[PDB]
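Just the one chain here, laid out as structure tokens, in the form deposited in one PDB entry.
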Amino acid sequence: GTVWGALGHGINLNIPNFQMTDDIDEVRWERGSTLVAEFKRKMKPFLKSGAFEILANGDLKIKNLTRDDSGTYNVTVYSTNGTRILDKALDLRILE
């Protein structure tokens, strides 16, 4: 919902029904097609596990395809000023 601020003064936008814990590694705040700020806990870029690899050009590699690996993957690309320039849902299907 709605948050009310006063023109010319500062404001803290609170994450609704949340408390920061040791298990949270990232918070992302976006507005429109712009990334505004991020909180990170770790130095390394995230990688879910050893079954995946991110290539040097940004492509995602799935190492040994499984029937449970099919479905929709969403890729989002941000420029150096925070603009979301590309967003795409990709349908990964099995050739059966």
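Residue indices: 1-based, along the sequence shown. Whichever C-alpha set is largest while still superposing within 1.5 Å between the two forms counts as the rigid core. Residues that one form lacks are left out of the comparison.
The form deposited in another entry is left out here; the points below concern that form.
Comparing the forms between this form and the one not shown on their rigid core, the Cα displacement of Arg67 stays under 2 Å. Relative to the superposed rigid core, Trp29 undergoes a CA displacement of at least 2 Å between this form and the one not shown. Taking 2 Å as the criterion, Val77 does not count as shifted between this form and the one not shown: its C-alpha moves by less than this amount when the rigid core is aligned.
Relative to this conformation, a decrease of 3 Å or more in the Cα-Cα distance between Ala56 and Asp25 is found in the other entry. Compared with the form shown here, the C-alpha atoms of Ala56 and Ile24 sit at least 3 Å closer together in the other entry.
Shifted segments between this form and the one not shown, defined as at least 3 consecutive common residues whose CA atoms all move 2 Å or more after rigid-core fitting, occur once only, at 1 to 41.
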